[PDB]
Ligand SMILES: CCN(CC)CCNS(=O)(=O)c1ccc(Cl)cc1
Ligand SMILES: CCN(CC)CCNS(=O)(=O)c1ccc(Cl)cc1
Ligand SMILES: *[C@@H]1O[C@H](CO)[C@@H](O)[C@H](O)[C@H]1NC(C)=O
Ligand SMILES: *[C@H]1O[C@H](CO)[C@@H](O)[C@H](O)[C@H]1NC(C)=O
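Protein chains in written order, with the numbering used here: chain Y, 2 to 537; chain S, 122 to 654.
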């Protein structure tokens, strides 16, 4: 060194790093991208827990994003921004255990609250390097220290032969945990406060945040949590040990690998792409919103099912922010369900609805499916194709996201937690998906991260103000455990969610509005009745 | 000797009585025998036609009420006593009543035939609320009402036997209908225009005449108020009927013939004493002796018959009151009383549901609980109270009615549907009960026209509106005024639009869907759940 920006040279436990000075609309920020936090989980390390990165020599260049974890790439609508924004934007590799840090420039002298993003993508996809997860705006505008990590997905992260030494399960969650431990030890070098760490994530990332809440070894690694449109409880976020074993062994057969030791050793000789090419062939039924390789109830990371853990747990020390978007189900109707497409109005017949219900609730008996159909049908217009399309969307959204979120919010509050809840109702002026899909799963994210502040992105002026409001809620929550700004106590307050009043707020261009009951009637069906009907 | 009050029917001469209605005189012929007294060896047997009589038969007074259980609930309270027998109890009770304008109509007049309700265990055509003088005077109607046997005397059945074949109370009604066909012209009635109307079990009876072929030549249109032949209480299987009669005979100390011969030796009150001890579960809105699916009067279950019937030339008017279930909570559900606001707890609600839906499995009962709970306010006592009432009213009345209306319309019938929403200013029951089962009746019969009863002037106008709908329906099969214009018209109920009207102090308002979501639960889902549980 000698002639470089002195603000971009930082030492961490593993060695020296050189970051990059980035431009945000309001000024510069420091970014340290592609910092290794584990040994590359390759070869004999495939399917194994991550090992901490061994120290390196010299100055590691941390100026670009590292590889994306090897993963299936969505083929729906090539070239279309609505899908492409979620696709990997760096080389796919099994050597992908790297994290990213954004801080103000120059770095703060007083220790700053840290936000850690965990991406979603159904546990089969995602990357910390996507444009929508760009930490520069939260760092510049709110002065946050923002961290995001890559973690293994698909078979590489979640293929499990439970009980085995060579594929114990949940290693993608152990990748996340290792990154949290890296933050505890190192974030002070960047001006971050390791004693104020807030996790946030969306969809499977939210499910992940939920796992860390429920897993004792993660508890010392963060202080507050935000779960956006996802939960550890619910029908897709976990599988039993038996089901994980069945899926792993079928996958092994499909790629020519028919003792766990021998099976796993044969799996390790397979090219990454071979595993990806068969990953979707192991689901027990035709389905949507079901993913082959997800966290497993192993009796270790998860000592019991998340449902059980949230029923009995003491959550007195927990402050949590949770919520959903207006149209959780709509995105998913195109991927499976005859009659749907982003390219037509997707009006469907009653026949397509009945068939869609079997696909959207693949675990349902005939009787359970009838109950669903009966509840969601408009008996004044039982064959109206607009209503049926919207009802199909509501079925998928409620079953997979809204009611699991309502259930989580309810259990946490009853057991000590401080809970704030929201519904996100603003549809981006820039959205490329058709109007009937409303505010789909994932489309609050660009607002939380403050992308509308980028003038080149063509958001309206009101959307910029809106984005700034949300960034304030999120960072207020991270700082204090309360999304409300003191010294603004005239602005409408966001009351905590309680079992008694069930209050949540609407997030849109208008001032906060308080509502009561998170789909209360309908969620009673999914959360109280349906389990009893399935058990008969 | 007023010659307006002297009539010859097939059995002989009758002398009626000139009555006063608020707007002029009416002729009444009360206590006309239509059958041989069903006593002694005729107990439990089909009715036989009345033998002819000599001289002039005195028809100036109401005859005996059919022998029946009398309600003990709130002694001396008008809300209950208005339904109790107002003449002496007797097994000798097969008499009918006729009201006509005075003087006798010069042209043949549409006939309305009233069939009282009372759970098939009680009721009488002599009750004040069934007074036909107002309809006769104001609308010029010829109004007929009959007594029919109730309880064991009307419905005890050993299906297959000769001596207790079942449904004889329905056969009493049918014999009275036959009597109308044969004799009503002598009063100025038109036997080619006969409209049955009835409430609760009376409405269920009307529905059974619709479903029974020999009845179909005896009337032309029907009104069903708050009751239906389909549904959970109005019929029993032959096996359950046989079980109940066999149990009753055991309880009083008694081969079909020998069993029935012994029952016939028992004084009437001994049968009544054990009438309520034969129900299979603790329950409400369930009655021991009701019409039986015999393969005779009823060729199959009402549900099967309304599903497959051809109802092309049928016109029907059907409806419900706003609070069908509220009356019944006092009768079995712990926590309910006319004397306090009956705010109940959640546990009382869960227990209430097992009583109100006695055939429900644990899982079915939980479905009901979870459907009717307001999950925004799950423990709120006033909601739980109102939910309890809705459960009982929807299960026993509202949803069976929606089902019947839908089936009849889909299979060719002309159907008109209503919800009756006006609470009488004079109502003696507490406010929380709203507009209870049975409280549209006094309005249809025109009681507010009686100044000594202190109804408001609005209620008097409302009453006249309803008498018009009912009599227009009787005359034409359509309750709308034939020439008195003005939107809003009352549109036919159809499966597509599902339109019905609200009957209250305001002008007709058209609504769509009779509790559609909730009735889909009762009518489509619950049967599936019960079958597989
Ligand atoms: C996390 C960002 N996502 C939200 C838009 C993009 C798509 N991934 S997903 O997990 O929602 C998903 C969607 C459809 C199917 Cl079929 C499977 C998974
Ligand atoms: C005739 C209209 N009724 C006015 C409500 C009179 C009361 N008898 S009942 O059939 O309604 C009845 C009473 C109690 C129970 Cl439990 C069931 C039915
Ligand atoms: C209403 O009245 C009855 C007794 O008359 C009682 O059982 C019920 O609990 C009362 N409601 C109150 C005061 O809780
Ligand atoms: C919006 O900005 C201009 C139109 O003024 C257009 O050329 C550009 O492509 C748009 N940007 C995006 C990212 O949509």
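Cβ atoms here follow ideal geometry from the backbone N, Cα and C, with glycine treated the same way.
Asked: Cutoff 8 angstroms: residue 157(Y) Cβ touching any chain S Cβ; Found: no
Asked: Amino acids of chain S, ordered along the chain, whose beta-carbon sits closer than 8 angstroms to that of residue 368(Y); Found: 649, 650, 653
Asked: Nearest neighbour of residue 541(S), chosen from 305(S), 484(S), 630(S) [CA to CA]; Found: 630(S)
Asked: Assigned exposure category for residue 111(Y) - 16 Cβ within 10 Å defines buried; Found: exposed
Asked: Nearest-angstrom beta carbon gap, residue 133(S) and residue 178(S) [assumed within contact, 8 angstroms]; Found: 6 angstroms
Asked: Residue from 28(Y), 208(Y), 163(Y) whose Cα sits closest to the Cα of residue 308(Y); Found: 208(Y)
Asked: Segment limits, alpha helix (DSSP H) that includes residue 477(Y); Found: 462-481
Asked: Min CB distance residue 496(S) to chain Y below 8 angstroms; Found: yes
Asked: Residue 235(S), enclosing beta strand (DSSP E) - first and last residue; Found: 230-236
Asked: Below 6 angstroms from a heavy atom of ligand 4 - residues by beta-carbon; Found: 458(Y), 459(Y)
Asked: Residue 521(Y): contacting residues in chain S (beta-carbon distance under 7 angstroms); Found: 496, 497
Asked: Run of the alpha helix (DSSP H) containing residue 398(Y), from where it starts to where it stops; Found: 386-398
Asked: Contact set between residue 491(S) and chain Y, taken where Cβ atoms lie within less than 8 angstroms; Found: 525, 526, 529, 530
Asked: Member of 265(Y), 72(Y), 341(Y), 292(Y) whose CA lies at the smallest distance from the CA of residue 205(Y); Found: 292(Y)
Asked: Collapsed DSSP secondary structure at residue 105(Y) in the structure displayed; Found: strand
Asked: Which of helix, strand or coil DSSP assigns to residue 379(S); Found: helix
Asked: Segments assigned beta strand (DSSP E), at least 3 residues, entirely inside the stretch 302-368 of chain Y; Found: 320-326
Asked: Touch test, the stretch 309-319 of chain Y against the stretch 44-57 of chain Y, Cβ-Cβ under 8 angstroms, three pairs minimum; Found: no
Asked: Segment contact flag, the stretch 577-592 of chain S with the stretch 481-499 of chain S, C-beta cutoff 8 angstroms, min 3 pairs; Found: no
Asked: Neighbouring residues, chain Y, relative to residue 619(S) (Cβ below 9 angstroms); Found: 380, 381
Asked: Where residue 385(S) sits in the DSSP three-state scheme; Found: coil
Asked: Near ligand 3: residue 460(S) beta-carbon under 7 angstroms from a heavy atom; Found: yes
Asked: Contacts of residue 372(Y) in chain B (Cβ-Cβ under 9 angstroms); Found: The displayed structure is made up of protein chains Y and S, and chain B is not among them.
Asked: Alpha-carbon to alpha-carbon, residue 327(S) and residue 499(Y); Found: 53 angstroms
Asked: Closer than 7 angstroms: residue 348(S) CB and nearest ligand 2 heavy atom; Found: no
Asked: Beta carbon of residue 458(Y) nearer than 8 angstroms to that of residue 431(Y); Found: yes
Asked: Range covered by the alpha helix (DSSP H) that runs through residue 51(Y); Found: First-last for residue 51(Y): undefined, no H or E at that position.
Asked: Closest by C-alpha distance to residue 554(S), when choosing among 360(S), 585(S), 276(S), 509(S); Found: 509(S)
Asked: Interface partners of residue 634(S) on chain Y, CB under 9 angstroms; Found: 380, 381
Asked: heavy atom of ligand 2 below 7 angstroms from residue 700(S) C-beta; Found: Nothing in the structure corresponds to residue 700(S), since chain S is present only between 122 and 654.
Asked: Within 8 angstroms, strictly: CB atoms of residue 313(S) and residue 249(S); Found: no
Asked: Test item: CB-CB of residue 427(Y) and residue 332(Y) under 8 angstroms; Found: no
Asked: Contact belief for residue 495(Y) with residue 509(Y) at Cβ below 8 angstroms, rounded distance in angstroms; Found: Not really, about 14 angstroms apart at Cβ, beyond 8 angstroms.
Asked: Under the three-state DSSP convention, the category residue 329(S) falls into; Found: helix
Asked: Per-residue DSSP class, three states only, for residue 432(Y); Found: coil
Asked: Beta-carbon separation (whole angstroms), residue 83(Y) vs residue 125(Y), contact threshold 8 angstroms; Found: Actually they are not in contact, since the Cβ atoms of residue 83(Y) and residue 125(Y) sit about 19 angstroms apart, beyond 8 angstroms.
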